[PDB]
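>>> Before I ask anything, here's the sequence and the deposited coordinates:
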Protein chains: 2
Amino acid sequence: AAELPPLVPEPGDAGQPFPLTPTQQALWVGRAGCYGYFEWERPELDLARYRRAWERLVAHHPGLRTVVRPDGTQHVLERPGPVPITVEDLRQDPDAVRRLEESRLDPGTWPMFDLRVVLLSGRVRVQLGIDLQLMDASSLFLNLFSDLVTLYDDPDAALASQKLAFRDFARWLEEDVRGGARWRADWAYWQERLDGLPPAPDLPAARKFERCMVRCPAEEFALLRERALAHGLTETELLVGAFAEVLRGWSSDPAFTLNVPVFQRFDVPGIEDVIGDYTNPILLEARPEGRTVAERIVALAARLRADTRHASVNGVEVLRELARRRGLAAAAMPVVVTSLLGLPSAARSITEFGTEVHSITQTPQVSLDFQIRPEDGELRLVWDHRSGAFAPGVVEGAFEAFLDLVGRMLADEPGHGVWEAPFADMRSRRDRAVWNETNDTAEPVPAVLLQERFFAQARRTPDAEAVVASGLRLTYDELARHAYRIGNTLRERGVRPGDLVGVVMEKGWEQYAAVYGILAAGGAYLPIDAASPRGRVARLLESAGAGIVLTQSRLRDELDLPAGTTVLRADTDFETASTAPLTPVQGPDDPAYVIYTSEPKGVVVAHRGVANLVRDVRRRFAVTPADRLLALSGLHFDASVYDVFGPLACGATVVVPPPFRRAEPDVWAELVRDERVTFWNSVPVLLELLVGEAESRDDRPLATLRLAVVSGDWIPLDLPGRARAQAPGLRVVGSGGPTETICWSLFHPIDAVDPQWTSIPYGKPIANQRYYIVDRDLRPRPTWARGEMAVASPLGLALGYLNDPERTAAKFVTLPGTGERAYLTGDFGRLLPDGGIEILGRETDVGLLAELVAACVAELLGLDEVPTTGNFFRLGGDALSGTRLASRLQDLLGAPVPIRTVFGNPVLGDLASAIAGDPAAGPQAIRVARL
Amino acid sequence: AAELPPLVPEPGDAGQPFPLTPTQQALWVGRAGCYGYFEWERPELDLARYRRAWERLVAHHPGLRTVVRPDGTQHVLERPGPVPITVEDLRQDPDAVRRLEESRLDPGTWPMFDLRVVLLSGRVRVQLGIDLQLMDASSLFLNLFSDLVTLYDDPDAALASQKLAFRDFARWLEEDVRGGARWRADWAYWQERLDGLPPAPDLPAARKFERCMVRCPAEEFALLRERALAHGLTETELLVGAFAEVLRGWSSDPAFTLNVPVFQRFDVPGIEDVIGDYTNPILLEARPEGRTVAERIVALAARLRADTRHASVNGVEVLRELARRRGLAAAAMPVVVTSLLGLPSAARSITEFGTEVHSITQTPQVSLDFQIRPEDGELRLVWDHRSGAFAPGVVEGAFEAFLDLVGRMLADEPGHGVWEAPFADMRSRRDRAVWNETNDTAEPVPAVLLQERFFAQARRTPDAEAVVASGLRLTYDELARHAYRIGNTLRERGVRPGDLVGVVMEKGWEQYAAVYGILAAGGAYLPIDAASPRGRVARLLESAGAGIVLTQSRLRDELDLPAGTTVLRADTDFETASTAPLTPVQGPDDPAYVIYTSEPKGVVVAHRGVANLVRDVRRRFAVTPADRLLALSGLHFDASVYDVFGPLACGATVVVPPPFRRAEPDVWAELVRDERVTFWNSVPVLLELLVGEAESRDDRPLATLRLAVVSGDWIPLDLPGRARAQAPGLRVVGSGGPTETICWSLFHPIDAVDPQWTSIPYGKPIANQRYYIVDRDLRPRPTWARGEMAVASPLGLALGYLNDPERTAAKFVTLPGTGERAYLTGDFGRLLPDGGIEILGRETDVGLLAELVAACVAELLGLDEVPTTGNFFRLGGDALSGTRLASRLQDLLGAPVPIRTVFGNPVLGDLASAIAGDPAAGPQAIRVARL
């Protein structure tokens, strides 16, 4: 604990220039609003006594006579002149409050404050505008406001004599403390920690200062003090920790750095009466360390206390180094906790002068400022936030969660209740009601197997068109008969419930016959791309255990299938089989198919979940037998699952396009025209290609499109309008959901595209699906908070991964709060106020000098190698060895390397640049570096 | 003509540090070989007298005792010590010259020279290595070498006493001349001109110093002097101008800047005896200004004289500014002319000491150094060039052209012969013999019309396959009969020789029938893409005057053809026409087709030129009836022209692919396999796609390919090897030529791909074509010189552009040297030593300060606006107004802006940066700039 040099006052230069404090300098350049404003009301004001009070305050306090020169230094005017006090008479004007509410200052001009008095009928408004660069918050309340009350009572009152000038204190910090023994030790503390500091809270952002606030009465203030002492904490530490709990409810990452200023006057004798700027912003690293609320708050407080023990370094300097390393944006710390607790008591309080009526601090570079201030026996808790910094509702939701959390702290005995809770739910009342409303989706799904629904439809409308595929029109009865031929044959050859049968085909009617025949037989189909490379088809079939494959005779010869495999050709090997109806032998929760995705995993899906999809789509989009769907997607993709089971369940027509290995929009646009397609289903880019093709044509070939469902990628913002142009009355519908949620698991009908959107909303869940946005502990997040989409359903999820229960256990989890089975999509998004989801992400001279510095550092620290990008103090340096570093470099270079240069450039590359840029050492140093 | 300050010698500091000259500084940093070397032979050498001579030289001349300190300053050692002279005894070793030839120095060590003496049987070799930083060339010959001869005769000889030190001269230039009155005027001269200076000669580059040299005897030296005086020139000016003529024969641009050093000693009394570095590289702008050789040389000399009148600025400084503006690469001036003419006579010459046996200057940063030196009544002309800086043969070719040009100057009276020539051909004897051999391509083309060749082939092999097109095999007789049906019908409907008939079809046999029917009728066909947008088809037909169109019935309805047009469908509207042979009524030089290219131009091509192409390809690639060509290219592209006329002229088979609007390599690879295609023709990328498709397959579906001709884009370097892998024995052949040279006009058979190539060679011309590489005056260039390809032929060119004789006259020009008609391709390339062609190209604080400087400059100069990028002196400034500029900026900024700062930063943005970076003015200046 290295003691600090003493302060020697220098009154002969009291009027001489002196530098801005580090925090005053930041406001000087950072304004180029920046002011505080206060308004009190009283029945009467004696203006003569009020002017005498301010004339005495200005005379007594040099800080009220300090002005900034154009060159960024400041000095104390000796006799600035009469105090400006603007009086405005409104005692005659009716609706005077509206006339005064409709009337809403520079450091280079005196004064840096603004005094106004408004006379009204029966009352007076006193108004004080003050530049934030004039003094810090503690000088405002403990010095200015207290003396203003004392002097308005008696402008001749005795005031404690000024035993030093703030100009002395400011020079003492810059010349004697900064760079001295303790500063160097404290600087090493911060530099060891710097590259580990997390960013500022990353809170949800929107598309000038507002106020959330609350006042704790004296008896809850006393209870809050007991709750904090019970954990060994100050009230500030308790409130800072509670604030970090709440911010973690909305922040993208649980680790963040808060700006927690202290107002250290260093016990300099007399300094408690000197108006100045004592702000030292401490950069508090808030990583969650603890299982319970109490443990985390206690751990955070211990870090705050350690940081505070090293506060001879001013946080503005730590922020400067952070910006050198990361750039100015990533170094900004715009979330501040400003506590005025723990300061000396002031003689008088401004509440004895008038009842506060309006007040607002507009601070540059600050988005959220949590202010903690004692006011007349009560604890005032204020959140000042900048409008438009945060998504609508975020700050009000966080405040309501903060009051809830502090209230529980007052309600619960230490060691019980919220103190022991793993976490506090931060969702608002409205968050939960909207999410519950949107996710109240359970519906019973009748235990009818997928093929049984199709066969019943084939009995209903046996002569309607089922599959139209390239100059061939299969009727419902014809398709059912061939499915029966396949099913009887497969049953006879030993397929039993649970067996997988491969379907290796190209687009054509044989895919539809094969699927329904496999299901009729009792098995599940395993579709595999007939254009797979190498012997992928054989690897998937071997891995899946599928001993039978159905294919097309025109295709059998270009497939490498292992020799023990039964390979039947859908279109020739079944012509003599029975067409006798086959009777179902699997159950609704048995697999209907296995679809492989990116080792490749086999996604096993049951009949019940597909029936759910099909029933939801039919009702939601009014699918009828008149509809004609274009089956674009390949059988081995999830998206084809609706194409296979939806239209055929209700009597509509599947239009199968010719096989294609690259997009052919013109073929598809012709096919949409000629077969009068009503139902498009594809990834967004294929719809774009189709719409482009139509735009370049004179017929309107997409005019029969009434429904277009696109999913699996970002939807261009102009695509829906472009599609509706080529097809009036078309409903464009966004969808989504991985293979594990069974094709489509949510929808967003795109009825109109707000041009303020960055993307189309991802949508709301279909029947029997629930879309949670969860944090890393699988707990649901408030509105706007980014998290992973977890899709919960007891029937609309895949059964799991084929033969892989360990990966099934990792992705199909039990949500902790409800015990629901949920699938972790790996996609990220956030909940929207209307219940929808926004998807966010789908699943060399100096160089030689630097090597020299690095090698010299490596030997000094005892390390093999040391990178030129390393921070000297993080690599293992400290105060005394950083001094040895300056000497070893002086020796080896033959040039002067001051100690200030090593400490001012902890990053080894930055030290090289500082040495090479030094006129007194540069050329010499570069010569030695060149060997 | 502002006089210069006087030189005041300062002998009290003769041993004190002093700076390197600007040219010495460049060598100091620019070495980090750099030396000169000399070797003379004499029968005897008296080593005692030789050592005494060098000990006297070293004592007498401070420059021989000057060393560079590690900090880049230099000083004069007082007593450096005995002169090192290494003696090597080889009088016993046999083959001693080989032992001495196998034995081939730092400024910080003394001496900066290297003295050796080699004793051999009967003779001695004296060897002198000298650092280029020690002294300039004029000090070497006029001071060192002359005094070495004087002193070896008598080491006690009287020498002119040193009346000053080179250290005085070097300080006088840096402190008194530089920055003074005349320097500022000269600096304004250069700065006005700087941004206009062309780059260094851009000469052809290759994939450590060599010597071309010649010695003019005294009587030709005297004649050369008379030739120069006859034009008012010095011999140096004559030789510099002749050198610029020759360099223009190879350089990519006719304008270049040469580095022409002068060795000015400024008539300082005594300085003619002082060894030092007097080099001032003058940057000579060599733009051709004149109709004849004489006029251009006279104009260039007048610029050299003007430049020389402003040589108080050292060219190293002009080069520094040029590099600030353009970067270091584009500012380098590595082509130097070093003349030692016009200097005082030296008392003795090194030729009196020994016969020179070997000498070489290795200069950093120099690629070609033309040295002009008087030697014992003769004129020595030396080209020192760096090996590998230039393409092989370029420097030897330029030297031979230079000797030829100077020889003509000695042969011709002024006012006659070469003096009056518009230009001198610079091609070497070998250049012309190779080009003539390669371009001796004339062959008579028999007057047989294109359709007559096909009809004769249809009589020869009437049952062979002509066109195989998508499940349809047209025989030669079947194709001839349908061509006759079309031709008789078109003849009957009024087609006469000269008429154009549109062909608007998609790939299919109807294109082949339509072409031969139109030709049989007597007209020319005009193919137009059936997939053209909008009403392009109607615009082209209207523009071309084509009143008839043939199309396909399956296609007629999607075409917008104007109403007065006859539209006949090849496949239905001709079934009842006569198949009687029709007799030809056009001639071989009448149009066969019109093909439109990028307003669009109609390229009109006659029968004769197509017969030339077809006959050349048949012989060159041995096309026989067994061959089967894949007609990939569209009829409306040039590349299809061979497909239409080549195979059918000799009995081979055209395999037509299905129409395609995007590449389908797999279809094409199938089609190559199934129809046994032997002849591929396409742009390179389509062959790449086809080869990729085959690589991914197990059959070798391209195995029947024996010939692949690719043209129209860069050929990837690995494509030929990749194609030969998929098809052993395949000949890959590169081709090229625009539509105006009738499909293919040159070939390069790619038999093996040198991995040192950056591209495949473009090739050599086919029969009746000649490929010239011409400069901007349409004159042929030497080997390696970049120029425009001009394709000359009286029959292998298009007749011209349809209805557009003015554009025909601009692109189909008469070459000036031969009167040949040639087509200017707009492509660029260069001739290769083997006769081929390589194609080269196919057809904000400072910001505010800167605005402040600019506005102040704009008012001072009287201009409305002035850009921040402008050079103050080019915008209109000069010496006196640049001084006024420093004062106006001092006034308006309130900060000191020294005059040196305005002159050291002529570019207004650079002045802003210098002011903003000045500690004594920066912060103030930035404040004012911010308004």
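Sure, I can see it. Numbers count the residues shown, from 1 in each chain, chains lettered A, B, ... in the order given.

>>> Please make it C-alpha for all contacts and neighbour counts, starting now.
Will do.

>>> these two touch, right, residue A:380 and residue A:340?
No - judged on Cα atoms under 8 Å, residue A:380 makes no contact with residue A:340 at a distance of 10.1 Å.

>>> Specify the residue ranges that define each domain of chain A.
Domain segmentation of chain A under automatic domain parsing yields A:11-168, A:186-430, A:769-841, A:845-929.

>>> between those, which one is nearest to residue B:731?
domain A:769-841 (51.0 Å; Cα to Cα).

>>> The residue in the stretch 251-400 of chain A that chain B sits nearest to: neighbouring residues, count only.
In the stretch 251-400 of chain A, the residue found nearest to chain B is residue A:328; the distance is 16.4 Å by Cα to the nearest Cα. Residues lying near residue A:328 (other Cα atoms under 10 Å in any protein chain shown) number 13.

>>> same deal with residue A:608?
Neighbours of residue A:608 using other Cα under 10 Å come to 25.

>>> got the contact list for the most centrally placed residue in chain A?
Geometric centre of chain A, nearest residue: residue A:252, 3.4 Å, by Cα atoms, centre = their mean. By Cα atoms under 8 Å, 6 or more residues apart in numbering or on different chains, the contact list for residue A:252 reads A:201, A:202, A:203, A:204, A:785, A:786, A:787.

>>> any idea which element it lies in?
Using DSSP states H and E, residue A:252 sits within no helix or strand.

>>> Roughly how far does it sit from residue A:432?
20 Å (Cα to Cα, to the nearest Å).

>>> where do the helices sit along the stretch 701-850 of chain A?
With helices called from DSSP state H, counting those that start in this stretch, the stretch 701-850 of chain A shows them at A:719-726, A:805-811, A:845-861.

>>> Out of those, which gets nearest to residue A:457?
helix A:719-726 (32.2 Å).

>>> what's the closest one packed up against?
Packing partners of helix A:719-726 (3 or more Cα pairs under 8 Å, 6 or more residues apart in numbering or on different chains; DSSP states H and E): helix A:684-695, strand A:731-736.

>>> Check the spacing between the residue in the stretch 451-600 of chain A positioned nearest to chain B and residue B:320 real quick.
Closest to chain B within the stretch 451-600 of chain A is residue A:533: 8.3 Å, counting by Cα to the nearest Cα. Separation of residue A:533 from residue B:320 (Cα to Cα): 61 Å.

>>> now residue A:50
Where residue B:320 is concerned, residue A:50 sits at a distance of 69 Å (Cα to Cα).

>>> These two: which is more packed in?
Neighbour tally, residue A:50 and residue B:320, criterion other Cα under 10 Å: the higher count belongs to residue A:50, 19 against 15.

>>> How about the contacts made by the more buried one?
Contacts of residue A:50 by Cα under 8 Å, 6+ apart are residue A:152.

>>> Now do the SS call for it.
Under DSSP: H, G, I helix; E, B strand; the rest coil, residue A:50 falls in the helix class.

>>> just residue A:467 next, same as before
Going by three-state DSSP: residue A:467 is strand.

>>> Now do it: how many residues are near it, please.
28.

>>> cool, residue A:70 as well?
The local packing of residue A:70 (other Cα under 10 Å) involves 11 other residues.

>>> I'd say it and residue A:108 touch.
Yes - if you go by Cα under 8 Å, residue A:70 and residue A:108 touch, sitting 6.8 Å apart.

>>> Mind telling me what element residue A:519 is part of?
helix A:509-521.

>>> Downstream of that helix, the next helix or strand is which one?
Where DSSP H and E defines the elements, the next helix or strand beyond helix A:509-521 is strand A:524-527.

>>> roughly how far is the helix or strand just after that next one from the heart of the chain?
Once the chain leaves strand A:524-527, the next helix or strand it forms, by DSSP H and E, is helix A:536-544. Centroid separation between helix A:536-544 and its chain, computed with Cα atoms, centre = their mean, to the nearest Å, is 41 Å.

>>> is helix A:536-544 anywhere near chain B?
No - counting by Cα under 8 Å from any Cα of the partner chain, chain B is not contacted by helix A:536-544; separation bottoms out at 13.9 Å.

>>> quick one, phi/psi of residue A:18?
Reported as degrees, to the nearest 10, the phi and psi values for residue A:18 are phi -160, psi 160.

>>> Correction: the previous question concerned residue A:13.
Residue torsions, per degrees, to the nearest 10, at residue A:13 are phi -120, psi 20.

>>> gap between it and residue A:78?
In terms of Cα to Cα, residue A:13 sits 12 Å off from residue A:78.

>>> try residue A:825
Separation of residue A:825 from residue A:78 (Cα to Cα): 70 Å.

>>> So if I had to pick from those two, which one is more boxed in?
The residue with more neighbours, out of residue A:825 and residue A:78, is residue A:825; 19 against 12, by other Cα under 10 Å.

>>> ok, that one touching residue A:790?
Yes - in this structure, residue A:825 is within contact of residue A:790 by Cα under 8 Å, at 6.1 Å.

>>> so who does the closest residue in space to residue A:518 that isn't next to it in sequence touch?
Distances taken as Cα to Cα, 6 or more residues apart in numbering or on different chains place residue A:487 nearest to residue A:518, at 5.8 Å, with adjacent residues excluded. Listed by Cα under 8 Å, 6+ apart, the contact set of residue A:487 reads A:516, A:517, A:518, A:519, A:520, A:521, A:582.

>>> Residue A:356 touches residue A:125, doesn't it?
No - if you go by Cα under 8 Å, residue A:356 and residue A:125 don't touch, sitting 9.6 Å apart.

>>> what touches both of these two?
By Cα under 8 Å, 6+ apart, residue A:356 and residue A:125 have these common neighbours: A:39, A:40, A:41.

>>> Show me these that map onto strands.
A:39, A:40, A:41 (DSSP state E).

>>> Please enumerate the strands of the stretch 601-750 of chain A.
Secondary structure of the stretch 601-750 of chain A (DSSP state E, counting those that start in this stretch): strands at A:601-606, A:628-630, A:653-656, A:679-682, A:707-710, A:731-736, A:746-750.

>>> ok, residues contacting the fourth one?
Outside of strand A:679-682, the residues that reach it under the criterion Cα under 8 Å, 6+ apart are A:627-633, A:639, A:705-711.

>>> which of the residues you listed lies closest to residue A:290?
residue A:711 (41.5 Å).

>>> what's the neighbour count on residue A:662?
For residue A:662, the count of nearby residues is 9 (other Cα under 10 Å).

>>> meant to ask about residue A:715, not that
Burial of residue A:715 is recorded as 21 neighbouring residues (other Cα under 10 Å).

>>> same question, residue A:329
9.

>>> Provide a list of residues in contact with it.
If you count contacts by Cα under 8 Å, 6+ apart, residue A:329 has them with residue A:323.

>>> Just the CA atoms from the helix or strand in which it is found would do, formatted as PDB, please.
Using DSSP H and E, residue A:329 sits in helix A:328-331. The C-alpha trace of helix A:328-331 is given here as PDB (Å, rounded to 0.1, in the frame of the first residue of the first chain):
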ATOM      1  CA  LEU A 328     -13.500   3.200 -29.700                       C
ATOM      2  CA  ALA A 329     -16.900   1.500 -30.300                       C
ATOM      3  CA  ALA A 330     -16.100  -1.800 -28.500                       C
ATOM      4  CA  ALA A 331     -14.400   0.200 -25.600                       C
END
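
>>> so how far is that helix from its chain's centroid?
Offset of helix A:328-331 from its chain centre (Cα atoms, centre = their mean): 17 Å.

>>> Could you identify the helix or strand that succeeds it?
Assignment by DSSP H and E places the next element after helix A:328-331 at strand A:335-339.

>>> Find the nearest non-adjacent residue to residue A:483, please.
residue A:517 (4.1 Å).
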